[PDB]
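Colleague: Below is the structure I would like to discuss, written out as structure tokens.
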Amino acid sequence: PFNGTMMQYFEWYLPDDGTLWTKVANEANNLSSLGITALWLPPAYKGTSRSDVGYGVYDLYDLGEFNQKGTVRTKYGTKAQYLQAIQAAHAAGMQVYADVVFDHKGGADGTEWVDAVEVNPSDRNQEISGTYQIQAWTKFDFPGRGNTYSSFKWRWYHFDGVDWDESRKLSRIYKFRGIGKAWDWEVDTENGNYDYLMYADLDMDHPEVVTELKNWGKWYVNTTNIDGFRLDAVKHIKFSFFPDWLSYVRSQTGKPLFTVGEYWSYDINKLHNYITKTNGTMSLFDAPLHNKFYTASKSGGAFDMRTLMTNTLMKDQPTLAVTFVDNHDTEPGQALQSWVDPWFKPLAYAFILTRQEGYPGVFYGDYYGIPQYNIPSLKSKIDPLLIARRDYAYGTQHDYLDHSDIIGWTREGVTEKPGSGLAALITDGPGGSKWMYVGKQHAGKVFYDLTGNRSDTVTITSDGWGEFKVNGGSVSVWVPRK
Ligand SMILES: C[C@H]1O[C@H](O[C@H]2[C@H](O)[C@@H](O)[C@@H](O[C@H]3[C@H](O)[C@@H](O)[C@@H](O)O[C@@H]3CO)O[C@@H]2CO)[C@H](O)[C@@H](O)[C@@H]1N[C@H]1C=C(CO)[C@@H](O)[C@H](O)[C@H]1O
Ligand SMILES: C[C@H]1O[C@H](O[C@H]2[C@H](O)[C@@H](O)[C@@H](O[C@H]3[C@H](O)[C@@H](O)[C@@H](O)O[C@@H]3CO)O[C@@H]2CO)[C@H](O)[C@@H](O)[C@@H]1N[C@H]1C=C(CO)[C@@H](O)[C@H](O)[C@H]1O
Ligand SMILES: C[C@H]1O[C@H](O[C@H]2[C@H](O)[C@@H](O)[C@@H](O[C@H]3[C@H](O)[C@@H](O)[C@@H](O)O[C@@H]3CO)O[C@@H]2CO)[C@H](O)[C@@H](O)[C@@H]1N[C@H]1C=C(CO)[C@@H](O)[C@H](O)[C@H]1O
Ligand SMILES: C[C@H]1O[C@H](O[C@H]2[C@H](O)[C@@H](O)[C@@H](O[C@H]3[C@H](O)[C@@H](O)[C@@H](O)O[C@@H]3CO)O[C@@H]2CO)[C@H](O)[C@@H](O)[C@@H]1N[C@H]1C=C(CO)[C@@H](O)[C@H](O)[C@H]1O
Ligand SMILES: C[C@H]1O[C@H](O[C@H]2[C@H](O)[C@@H](O)[C@@H](O[C@H]3[C@H](O)[C@@H](O)[C@@H](O)O[C@@H]3CO)O[C@@H]2CO)[C@H](O)[C@@H](O)[C@@H]1N[C@H]1C=C(CO)[C@@H](O)[C@H](O)[C@H]1O
Ligand SMILES: C[C@H]1O[C@H](O[C@H]2[C@H](O)[C@@H](O)[C@@H](O[C@H]3[C@H](O)[C@@H](O)[C@@H](O)O[C@@H]3CO)O[C@@H]2CO)[C@H](O)[C@@H](O)[C@@H]1N[C@H]1C=C(CO)[C@@H](O)[C@H](O)[C@H]1O
Ligand SMILES: [Ca+2]
Ligand SMILES: [Ca+2]
Ligand SMILES: [Ca+2]
Ligand SMILES: [Ca+2]
């Protein structure tokens with residue numbers, strides 16, 4: 001038995017110093033000893049510039065190897081350093097998930113003239129202009145790479161649209177004209193059709209494009225030996241595309257390739273729609289649960305903690321849910337900003353780390369800190385919870401989400417891991433106590449608070465129950481002493 005634990009190993013405001021790949025190589029041992037079993041690494045290919053975080057993808061085939069966009073290395077380092085990081089992660093017994101950005105392409109080498117029409121930004125099925133010629137950033141020739149690995153050249157007809165006309169300096173949503181040219185479907189229905197997002201938007205209906213992304217998928221897994229994918233911005237990408245893409249790349253590389261997609265919506269039914277449409281071929285980030293943590297942390301104690309799990313992927317589809325507290329898009333200043341307050345953050349990590357539903361992740365920004373906004377590191381509060389997950393969070397779970405402030409759950413432990421077992425309490429309000437069942441196999445044992453928030457102890461009764469306790473606005477994780 002084991003508890004998988006992933007770590008997203010970057011944040012937005014990292015300096016553009018080309019050191020992240022080296023840091024993975026240096027830290028892989030430490031993180032593994034804490035029970036981290038997988039790293040989600042940022043996009044490793046060349047962006048619109050060297051300080052691009054990776055989501056403005058210029059060349060999928062340039063892993064910090066070719067002189068392109070004014071730099072050889074990416075933000076994170078060179079191609080050689082990227083490979084060493086992956087091998088170090090493997091030597092320490094960790095999987096590696098690579099960020100995959102297929103929705104769009106930016107930083108084109110040149111413009112092309114294209115017949116286009118404006119569509120309504122709030123309803124992309126509604127044309128709001130006539131057809132006219134625009135100058136669109138869609139020519140990709142890759143002067144620094146040549147035909148190495150791939151001789152495919154991208155042009156306007158491989159895309160469905162852009163949001164910038166270079167001749168008139170106009171910013172509108174332009175749909176391209178052409179035989180069969182249309183926004184892709186199925187996609188998210190916010191704004192009527194949410195296929196267009198930014199830069200030059202890929203046409204997943206074009207067979208040349210499907211083929212090229214399949215060839216890149218195979219090439220990339222074989223070049224890097226990565227173990228899986230984090231799929232960026234999947235709600236803006238033809239739903240049927242990734243079932244077909246993943247089954248090609250998995251079977252043509254001989255690898256299972258665990259895959260988590262980022263479907264950003266707090267509407268659980270949209271996530272359920274996407275899982276059924278893609279036949280459960282991938283996990284998804286539990287964005288609704290993130291929204292729960294953010295809301296509870298801002299509600300001054302008035303959140304009903306009995307609803308913390310309701311309408312989350314961790315409640316509804318736990319084996320396809322990847323759980324988290326914050327990520328690079330929820331950071332201060334970002335477009336999805338909804339930063340979980342530091343007082344509540346240890347409570348949210350305890351919830352995803354010591355419970356049996358879902359595949360939890362630790363955020364780099366939470367672990368190491370975000371100096372850009374003077375947010376201090378929470379490593380000293382997260383590490384006890386990882387040790388809880390590594391050693392104690394095993395076996396039958398009993399739920400007590402039964403009070404509007406104080407909620408808890410227990411894990412009984414497993415014979416295969418002697419000394420396992422835990423009882424966790426969190427509260428968004430004043431402290432208190434709660435009786436919970438850990439199992440009569442623990443009768444007489446003394447439990448202590450692994451987080452060190454409390455100095456007292458709890459003795460288990462002859463019937464397997466303990467009256468566990470928590471401070472106000474705090475976490476306690478009670479585990480057996482030895
Ligand atoms: C390091 C670890 O890699 C493998 O485990 C990974 C799984 O193959 C993935 O599928 C994924 O599992 C998650 C599920 O997809 C998901 O539905 C959810 O329910 O949570 C799961 C994770 O909690 O991620 C896993 C890694 O995080 C591989 O199977 C495993 O063998 C590898 N490590 C084990 C190796 C040994 C066996 O002797 C022991 O050290 C431990 O049991 C494991 O650490
Ligand atoms: C001039 C530039 O225009 C295009 O790039 C723009 C995008 O199309 C816009 O959508 C917008 O992107 C922002 C995102 O929407 C936003 O969500 C944020 O997260 O990231 C972006 C921040 O700006 O803005 C983009 C730039 O204005 C076009 O795709 C792009 O390729 C064009 N860049 C060319 C211009 C120069 C100067 O000659 C060259 O350095 C580039 O290599 C060219 O590619
Ligand atoms: C007009 C001329 O352009 C054609 O080139 C591109 C199409 O215009 C694009 O729309 C695009 O087609 C893809 C769709 O966007 C996509 O939704 C999916 O259906 O796959 C399509 C590609 O398989 O990409 C095309 C190029 O890759 C095309 O090269 C060419 O056949 C077209 N020439 C026609 C001109 C007239 C117009 O009446 C007709 O008389 C001729 O029979 C056509 O040859
Ligand atoms: C730039 C940003 O645009 C998209 O995000 C939009 C959402 O999809 C909309 O539904 C809405 O987002 C949420 C609200 O912000 C939030 O208040 C929430 O309570 O409700 C809405 C969803 O329930 O507004 C957003 C428009 O600004 C897009 O999905 C998101 O991914 C984009 N930000 C990233 C763009 C890339 C894609 O390559 C990411 O990888 C980058 O990290 C970000 O720049
Ligand atoms: C009433 C009782 O609650 C105290 O504070 C906890 C809150 O219940 C939680 O909601 C949370 O407070 C955070 C806010 O939600 C957030 O908006 C932000 O302001 O940060 C707050 C945390 O820093 O966490 C609180 C625990 O730190 C706490 O359990 C307890 O001390 C409170 N009773 C005190 C109230 C006053 C005067 O009546 C204090 O001087 C006394 O120590 C207690 O009587
Ligand atoms: C003599 C004194 O010791 C005991 O105090 C323990 C209490 O169980 C808690 O205070 C316990 O948890 C605290 C955390 O360790 C600490 O980190 C803090 O941040 O919050 C928790 C408090 O909620 O730590 C103590 C160590 O065992 C005992 O229970 C306490 O009753 C004992 N008597 C004192 C209590 C009062 C209050 O009216 C005074 O009048 C007495 O004179 C004290 O002697
Ligand atoms: Ca299309
Ligand atoms: Ca799209
Ligand atoms: Ca499209
Ligand atoms: Ca409450």
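Identifiers in the structure tokens: chain A, B, ... in order shown; residue index from 1 per chain; ligand index from 1 in order shown.
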Run DSSP on the backbone of this structure and report the residues of region 41-201 of chain A it assigns to strand (DSSP E), as number ranges by chain.

Modeller: A: 41, 46-47, 57-59, 95-100, 104-105, 110-120, 123-127, 132-139, 159-162, 174-176, 200-201

Colleague: What are the closest atom pairs, with distances in Å to one decimal, for all residues of chain A lying within 7 Å of ligand 6? Consider only C-alpha atoms and all ligand atoms, order rows by chain and residue number, and present the result as a Markdown table.

Modeller:
```
| residue | atom | partner | partner_atom_place_in_ligand_line | distance |
| --- | --- | --- | --- | --- |
| A:453 | CA | ligand 6 | 17 (O) | 4.9 |
| A:454 | CA | ligand 6 | 15 (O) | 3.6 |
| A:455 | CA | ligand 6 | 15 (O) | 3.7 |
| A:456 | CA | ligand 6 | 27 (O) | 4.3 |
| A:471 | CA | ligand 6 | 23 (O) | 5.3 |
```

Colleague: Name each residue within 6 Å of ligand 2, counting only C-alpha atoms and all ligand atoms, as number ranges by chain.

Modeller: A: 106-109, 137, 163-164, 198-200

Colleague: Please give me, as a VMD selection string, the residues lying within 6 Å of ligand 1 when counting only C-alpha atoms and all ligand atoms.

Modeller: chain A and resid 1 to 5 37 to 38 93 to 95 258 319 to 320 358 to 359

Colleague: Taking only C-alpha atoms and all ligand atoms into account, which residues are within 6 Å of ligand 7, as a ChimeraX atom specification?

Modeller: /A:160,181-184,203-205

Colleague: Output the selection as a short mmCIF file (atom, residue, chain, number, x, y, z; two decimals), in the first residue's frame - N, CA, C and O atoms for each residue.

Modeller:
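Result file selection.cif:
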```
data_model
loop_
_atom_site.label_atom_id
_atom_site.label_comp_id
_atom_site.auth_asym_id
_atom_site.auth_seq_id
_atom_site.Cartn_x
_atom_site.Cartn_y
_atom_site.Cartn_z
N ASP A 160 -8.15 28.24 -36.07
CA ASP A 160 -9.52 28.70 -36.24
C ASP A 160 -9.67 30.21 -36.09
O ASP A 160 -10.64 30.76 -36.61
N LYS A 181 -14.26 25.60 -42.16
CA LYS A 181 -13.69 26.37 -41.05
C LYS A 181 -14.79 26.79 -40.07
O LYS A 181 -15.75 27.46 -40.46
N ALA A 182 -14.63 26.42 -38.80
CA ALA A 182 -15.59 26.72 -37.74
C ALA A 182 -14.91 26.55 -36.38
O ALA A 182 -13.91 25.83 -36.26
N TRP A 183 -15.45 27.22 -35.35
CA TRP A 183 -15.00 26.91 -34.00
C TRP A 183 -15.24 25.43 -33.73
O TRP A 183 -16.24 24.86 -34.17
N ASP A 184 -14.32 24.84 -32.98
CA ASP A 184 -14.36 23.41 -32.68
C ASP A 184 -15.52 23.08 -31.74
O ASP A 184 -16.03 23.94 -31.01
N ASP A 203 -6.94 24.61 -34.70
CA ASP A 203 -8.11 23.96 -35.30
C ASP A 203 -7.95 22.45 -35.14
O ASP A 203 -7.32 21.79 -35.97
N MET A 204 -8.55 21.89 -34.09
CA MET A 204 -8.47 20.46 -33.80
C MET A 204 -9.28 19.64 -34.78
O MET A 204 -9.26 18.40 -34.70
N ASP A 205 -10.03 20.29 -35.67
CA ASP A 205 -10.72 19.61 -36.75
C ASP A 205 -9.82 19.40 -37.97
O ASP A 205 -10.22 18.68 -38.90
#
```

Colleague: Skip region 43-55 of chain A itself and residues of its chain fewer than 3 positions away, then list as a list in words all residues within 6 Å of it, counting only C-alpha atoms.

Modeller: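 Returned residues: residues 16, 58, 59, 60, 62, 63, 69, 74, 75, 99 and 107 of chain A.
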
Colleague: Tell me, as number ranges by chain, which residues lie within 8 Å of region 413-423 of chain A, counting only C-alpha atoms; anything in the same chain fewer than 4 positions away does not count.

Modeller: A: 1, 388, 391-396, 408-409, 436, 438, 468, 477-480, 482

Colleague: Let me see the file: selected residues, N, CA, C and O atoms, as a tab-separated table (two decimals), in the first residue's frame.

Modeller:
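New file out12.tsv:
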```tsv
chain	number	residue	atom	x	y	z
A	1	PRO	N	0.81	-1.23	0.00
A	1	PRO	CA	0.00	0.00	0.00
A	1	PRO	C	0.85	1.29	0.00
A	1	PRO	O	1.96	1.31	0.54
A	388	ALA	N	2.09	12.65	7.83
A	388	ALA	CA	0.80	12.03	8.08
A	388	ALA	C	0.36	11.18	6.89
A	388	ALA	O	-0.07	10.03	7.05
A	391	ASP	N	2.92	8.05	6.37
A	391	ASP	CA	2.98	6.98	7.36
A	391	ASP	C	1.65	6.60	7.99
A	391	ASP	O	1.50	5.44	8.39
A	392	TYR	N	0.68	7.49	8.09
A	392	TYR	CA	-0.48	7.20	8.93
A	392	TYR	C	-1.81	7.13	8.18
A	392	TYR	O	-2.71	6.44	8.67
A	393	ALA	N	-1.95	7.80	7.03
A	393	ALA	CA	-3.23	7.97	6.34
A	393	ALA	C	-3.55	6.72	5.52
A	393	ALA	O	-3.50	6.70	4.28
A	394	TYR	N	-3.91	5.67	6.25
A	394	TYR	CA	-4.16	4.36	5.66
A	394	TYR	C	-5.42	3.75	6.27
A	394	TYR	O	-5.76	4.02	7.42
A	395	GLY	N	-6.09	2.92	5.47
A	395	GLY	CA	-7.19	2.11	5.95
A	395	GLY	C	-8.54	2.80	5.99
A	395	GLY	O	-8.75	3.92	5.51
A	396	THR	N	-9.48	2.07	6.58
A	396	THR	CA	-10.88	2.45	6.63
A	396	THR	C	-11.03	3.88	7.15
A	396	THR	O	-10.46	4.24	8.18
A	408	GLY	N	-14.41	16.47	11.08
A	408	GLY	CA	-13.29	15.56	11.16
A	408	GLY	C	-13.56	14.24	10.46
A	408	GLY	O	-14.64	13.97	9.94
A	409	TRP	N	-12.52	13.41	10.46
A	409	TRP	CA	-12.54	12.09	9.85
A	409	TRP	C	-11.41	11.31	10.50
A	409	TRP	O	-10.48	11.90	11.06
A	436	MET	N	-14.63	10.56	17.98
A	436	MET	CA	-14.51	9.87	16.71
A	436	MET	C	-13.94	8.47	16.93
A	436	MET	O	-13.12	8.25	17.83
A	438	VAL	N	-11.59	5.44	16.06
A	438	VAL	CA	-10.38	5.02	15.34
A	438	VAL	C	-10.23	3.50	15.28
A	438	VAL	O	-9.39	3.01	14.50
A	468	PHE	N	-11.23	13.82	20.43
A	468	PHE	CA	-10.14	14.58	19.86
A	468	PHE	C	-10.48	16.07	19.89
A	468	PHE	O	-11.65	16.46	19.95
A	477	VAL	N	-3.88	16.86	13.89
A	477	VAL	CA	-3.81	15.53	13.30
A	477	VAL	C	-3.27	14.60	14.38
A	477	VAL	O	-2.08	14.66	14.72
A	478	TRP	N	-4.13	13.76	14.94
A	478	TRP	CA	-3.81	12.91	16.07
A	478	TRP	C	-3.38	11.54	15.57
A	478	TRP	O	-4.15	10.89	14.86
A	479	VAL	N	-2.20	11.10	15.97
A	479	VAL	CA	-1.67	9.81	15.53
A	479	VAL	C	-1.12	9.09	16.75
A	479	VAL	O	-0.81	9.73	17.77
A	480	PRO	N	-0.95	7.77	16.68
A	480	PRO	CA	-0.46	7.04	17.86
A	480	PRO	C	0.98	7.41	18.17
A	480	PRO	O	1.81	7.58	17.27
A	482	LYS	N	4.59	6.17	19.72
A	482	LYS	CA	5.31	4.91	19.90
A	482	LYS	C	6.52	5.08	20.83
A	482	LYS	O	6.54	5.96	21.69
```

Colleague: Any idea what's packed within 9 Å of residue 286 (chain A), counting only C-alpha atoms, ignoring anything in its chain fewer than 2 positions away? Could you give it as a list in words?

Modeller: residues 262, 263, 264, 266, 268, 271, 284, 288, 289, 290, 312, 313, 314, 321, 322, 323, 324 and 358 of chain A

Colleague: Kindly export the residues of the current selection with C-alpha atoms, as a short mmCIF file (atom, residue, chain, number, x, y, z; two decimals), in the first residue's frame.

Modeller:
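File again.cif, as written:
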```cif
data_model
loop_
_atom_site.label_atom_id
_atom_site.label_comp_id
_atom_site.auth_asym_id
_atom_site.auth_seq_id
_atom_site.Cartn_x
_atom_site.Cartn_y
_atom_site.Cartn_z
CA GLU A 262 -7.28 21.29 -16.25
CA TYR A 263 -11.01 21.93 -16.82
CA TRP A 264 -11.41 25.26 -15.05
CA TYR A 266 -16.63 25.57 -10.41
CA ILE A 268 -19.39 20.22 -11.08
CA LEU A 271 -16.62 18.48 -15.12
CA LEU A 284 -9.22 16.29 -13.69
CA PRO A 288 -14.76 23.17 -7.22
CA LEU A 289 -12.95 22.01 -4.08
CA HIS A 290 -10.46 24.85 -4.52
CA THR A 312 -16.54 18.41 -5.69
CA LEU A 313 -14.77 15.86 -7.86
CA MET A 314 -13.20 14.44 -4.66
CA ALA A 321 -9.99 13.84 -9.00
CA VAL A 322 -6.65 15.58 -8.57
CA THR A 323 -6.95 17.81 -5.51
CA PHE A 324 -5.07 20.99 -4.61
CA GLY A 358 -8.43 11.79 -4.66
#
```

Colleague: Could you list the protein, DNA and RNA residues that have any atom within 10 Å of ligand 4, counting only C-alpha atoms and all ligand atoms, and write them as a tab-separated table (two decimals) with C-alpha atoms, in the first residue's frame?

Modeller:
```tsv
chain	number	residue	atom	x	y	z
A	11	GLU	CA	4.91	29.09	-9.60
A	12	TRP	CA	4.21	32.12	-11.73
A	42	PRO	CA	5.90	23.52	-16.22
A	43	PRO	CA	5.88	23.59	-20.05
A	53	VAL	CA	6.05	30.82	-18.07
A	54	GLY	CA	5.47	28.30	-20.88
A	55	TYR	CA	1.83	28.85	-21.84
A	56	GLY	CA	2.71	31.15	-24.70
A	57	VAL	CA	4.09	28.19	-26.63
A	99	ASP	CA	2.68	20.25	-19.01
A	100	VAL	CA	1.04	20.01	-22.48
A	101	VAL	CA	-0.25	23.19	-24.16
A	102	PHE	CA	-2.32	22.47	-27.28
A	103	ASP	CA	-5.04	25.16	-27.22
A	104	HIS	CA	-3.10	27.88	-29.03
A	105	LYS	CA	0.22	29.01	-30.48
A	188	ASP	CA	-17.29	24.68	-23.06
A	189	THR	CA	-20.49	26.66	-23.65
A	190	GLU	CA	-19.53	29.77	-21.69
A	191	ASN	CA	-19.70	32.65	-24.21
A	194	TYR	CA	-15.31	28.89	-25.60
A	195	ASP	CA	-12.88	27.43	-28.15
A	196	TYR	CA	-11.11	30.74	-28.76
A	197	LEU	CA	-8.97	31.84	-25.85
A	198	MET	CA	-5.75	33.63	-26.87
A	199	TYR	CA	-2.99	33.89	-29.48
A	231	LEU	CA	-3.21	18.85	-20.11
A	232	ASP	CA	-3.61	22.64	-20.18
A	233	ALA	CA	-6.91	24.44	-20.76
A	234	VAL	CA	-8.92	21.42	-21.88
A	235	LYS	CA	-12.28	23.20	-21.66
A	236	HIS	CA	-11.15	25.26	-24.70
A	262	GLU	CA	-7.28	21.29	-16.25
A	263	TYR	CA	-11.01	21.93	-16.82
A	264	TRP	CA	-11.41	25.26	-15.05
A	265	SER	CA	-14.98	25.56	-13.83
A	266	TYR	CA	-16.63	25.57	-10.41
A	267	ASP	CA	-19.72	23.91	-11.96
A	287	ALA	CA	-11.43	23.17	-9.16
A	288	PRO	CA	-14.76	23.17	-7.22
A	291	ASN	CA	-13.46	27.21	-4.59
A	327	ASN	CA	-1.98	26.86	-8.10
A	328	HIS	CA	-0.16	29.35	-10.33
A	329	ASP	CA	-3.45	30.65	-11.83
A	330	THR	CA	-5.05	31.31	-8.39
A	334	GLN	CA	-3.48	36.23	-11.91
A	335	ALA	CA	-6.64	36.03	-13.96
A	336	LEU	CA	-8.08	33.21	-11.86
A	337	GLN	CA	-7.01	34.85	-8.57
A	338	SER	CA	-8.71	33.22	-5.56
```

Colleague: Check every protein, DNA and RNA residue against ligand 3, keep those with an atom at most 6 Å away (counting only C-alpha atoms and all ligand atoms), and present them as a compact mmCIF listing (two decimals) with N, CA and C atoms, in the first residue's frame.

Modeller:
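Wrote it out as pocket_7.txt, contents follow:
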```txt
# COMPACT_ATOMS: atom_id res chain seq x y z
N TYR A 157 -4.32 28.46 -42.00
CA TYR A 157 -5.38 27.49 -42.17
C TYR A 157 -5.29 26.33 -41.18
N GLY A 178 -13.08 29.78 -44.49
CA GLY A 178 -12.51 28.66 -45.22
C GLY A 178 -13.47 27.48 -45.28
N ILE A 179 -13.16 26.56 -46.19
CA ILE A 179 -14.00 25.38 -46.36
C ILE A 179 -13.97 24.55 -45.08
N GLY A 180 -15.14 24.37 -44.46
CA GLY A 180 -15.23 23.63 -43.22
C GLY A 180 -14.72 24.36 -42.00
N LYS A 181 -14.26 25.60 -42.16
CA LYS A 181 -13.69 26.37 -41.05
C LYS A 181 -14.79 26.79 -40.07
N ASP A 205 -10.03 20.29 -35.67
CA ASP A 205 -10.72 19.61 -36.75
C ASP A 205 -9.82 19.40 -37.97
N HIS A 206 -8.65 20.01 -38.03
CA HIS A 206 -7.79 19.84 -39.19
C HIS A 206 -6.95 18.61 -39.05
N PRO A 207 -7.01 17.70 -40.03
CA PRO A 207 -6.29 16.43 -39.86
C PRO A 207 -4.77 16.59 -39.83
```

Colleague: Residues within 12 Å of ligand 5, counting only C-alpha atoms and all ligand atoms: report them as a ChimeraX atom specification.

Modeller: /A:293-305,340-347,404-406,426-432,453,470-475

Colleague: So what do you get for CA of residue 208 (chain A) versus CA of residue 159 (chain A), distance-wise?

Modeller: 11.0 Å

Colleague: Using only C-alpha atoms, find the one residue out of A:444, A:119, A:351, A:371 that sits nearest to residue 476 (chain A).

Modeller: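 Of the candidates, the smallest distance to residue 476 (chain A) is held by A:351.
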
Colleague: Between CA of residue 85 (chain A) and CA of residue 285 (chain A), what distance in Å does the model show, to one decimal?

Modeller: 24.4 Å

Colleague: One number please: CA of residue 445 (chain A) to CA of residue 381 (chain A), in Å, one decimal.

Modeller: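 Computed distance, CA of residue 445 (chain A) to CA of residue 381 (chain A), equals 25.2 Å.
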
Colleague: Name the residues in contact with residue 144 (chain A) at a cut-off of 12 Å, using only C-alpha atoms, excluding same-chain residues fewer than 2 positions from it; report them as a ChimeraX atom specification.

Modeller: /A:46,58-59,61-62,64-72,109,140-142,146-148

Colleague: Keeping N, CA and C atoms for every residue in the selection just given, could you write it to a file as a PDB file, in the first residue's frame?

Modeller:
```pdb
ATOM      1  N   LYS A  46       9.934  26.066 -25.905  1.00  0.00           N
ATOM      2  CA  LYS A  46      10.223  27.486 -26.066  1.00  0.00           C
ATOM      3  C   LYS A  46       8.929  28.293 -26.169  1.00  0.00           C
ATOM      4  N   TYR A  58       5.754  28.821 -28.286  1.00  0.00           N
ATOM      5  CA  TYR A  58       6.202  29.089 -29.655  1.00  0.00           C
ATOM      6  C   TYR A  58       6.547  27.812 -30.431  1.00  0.00           C
ATOM      7  N   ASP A  59       7.390  26.928 -29.878  1.00  0.00           N
ATOM      8  CA  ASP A  59       7.842  25.742 -30.614  1.00  0.00           C
ATOM      9  C   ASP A  59       7.869  24.527 -29.683  1.00  0.00           C
ATOM     10  N   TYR A  61       8.842  21.677 -30.202  1.00  0.00           N
ATOM     11  CA  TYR A  61       9.992  20.804 -30.423  1.00  0.00           C
ATOM     12  C   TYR A  61      11.312  21.390 -29.909  1.00  0.00           C
ATOM     13  N   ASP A  62      11.283  22.518 -29.206  1.00  0.00           N
ATOM     14  CA  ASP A  62      12.487  23.234 -28.768  1.00  0.00           C
ATOM     15  C   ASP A  62      12.497  23.240 -27.248  1.00  0.00           C
ATOM     16  N   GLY A  64      14.591  24.118 -25.075  1.00  0.00           N
ATOM     17  CA  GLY A  64      15.700  24.899 -24.571  1.00  0.00           C
ATOM     18  C   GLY A  64      16.981  24.444 -25.233  1.00  0.00           C
ATOM     19  N   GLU A  65      16.886  24.156 -26.531  1.00  0.00           N
ATOM     20  CA  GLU A  65      17.947  23.594 -27.359  1.00  0.00           C
ATOM     21  C   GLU A  65      18.364  24.489 -28.518  1.00  0.00           C
ATOM     22  N   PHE A  66      17.430  25.189 -29.160  1.00  0.00           N
ATOM     23  CA  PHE A  66      17.723  25.980 -30.350  1.00  0.00           C
ATOM     24  C   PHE A  66      17.631  27.472 -30.040  1.00  0.00           C
ATOM     25  N   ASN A  67      18.431  28.267 -30.749  1.00  0.00           N
ATOM     26  CA  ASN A  67      18.401  29.716 -30.575  1.00  0.00           C
ATOM     27  C   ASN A  67      17.164  30.255 -31.289  1.00  0.00           C
ATOM     28  N   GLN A  68      16.128  30.540 -30.510  1.00  0.00           N
ATOM     29  CA  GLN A  68      14.831  30.975 -31.001  1.00  0.00           C
ATOM     30  C   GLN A  68      14.219  31.881 -29.936  1.00  0.00           C
ATOM     31  N   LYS A  69      13.552  32.951 -30.391  1.00  0.00           N
ATOM     32  CA  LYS A  69      12.937  33.958 -29.518  1.00  0.00           C
ATOM     33  C   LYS A  69      13.984  34.615 -28.620  1.00  0.00           C
ATOM     34  N   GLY A  70      15.182  34.813 -29.161  1.00  0.00           N
ATOM     35  CA  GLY A  70      16.197  35.565 -28.448  1.00  0.00           C
ATOM     36  C   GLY A  70      16.905  34.810 -27.352  1.00  0.00           C
ATOM     37  N   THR A  71      16.799  33.489 -27.334  1.00  0.00           N
ATOM     38  CA  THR A  71      17.370  32.713 -26.248  1.00  0.00           C
ATOM     39  C   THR A  71      17.493  31.271 -26.708  1.00  0.00           C
ATOM     40  N   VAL A  72      18.508  30.579 -26.201  1.00  0.00           N
ATOM     41  CA  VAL A  72      18.550  29.133 -26.371  1.00  0.00           C
ATOM     42  C   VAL A  72      17.734  28.501 -25.248  1.00  0.00           C
ATOM     43  N   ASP A 109       6.442  33.729 -36.407  1.00  0.00           N
ATOM     44  CA  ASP A 109       7.544  34.407 -37.088  1.00  0.00           C
ATOM     45  C   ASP A 109       7.045  35.508 -38.005  1.00  0.00           C
ATOM     46  N   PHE A 140       4.511  30.056 -38.859  1.00  0.00           N
ATOM     47  CA  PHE A 140       5.537  29.452 -38.011  1.00  0.00           C
ATOM     48  C   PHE A 140       6.490  28.653 -38.892  1.00  0.00           C
ATOM     49  N   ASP A 141       7.745  29.108 -38.985  1.00  0.00           N
ATOM     50  CA  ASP A 141       8.762  28.429 -39.777  1.00  0.00           C
ATOM     51  C   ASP A 141       9.945  27.922 -38.965  1.00  0.00           C
ATOM     52  N   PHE A 142      10.139  28.411 -37.734  1.00  0.00           N
ATOM     53  CA  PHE A 142      11.135  27.886 -36.802  1.00  0.00           C
ATOM     54  C   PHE A 142      12.547  28.062 -37.341  1.00  0.00           C
ATOM     55  N   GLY A 146      15.156  24.690 -37.831  1.00  0.00           N
ATOM     56  CA  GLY A 146      15.141  24.031 -39.121  1.00  0.00           C
ATOM     57  C   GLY A 146      14.085  22.942 -39.141  1.00  0.00           C
ATOM     58  N   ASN A 147      14.401  21.838 -39.816  1.00  0.00           N
ATOM     59  CA  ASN A 147      13.506  20.691 -39.896  1.00  0.00           C
ATOM     60  C   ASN A 147      13.831  19.610 -38.872  1.00  0.00           C
ATOM     61  N   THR A 148      14.767  19.878 -37.963  1.00  0.00           N
ATOM     62  CA  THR A 148      15.123  18.930 -36.916  1.00  0.00           C
ATOM     63  C   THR A 148      13.875  18.428 -36.196  1.00  0.00           C
TER      64      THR A 148
END
```
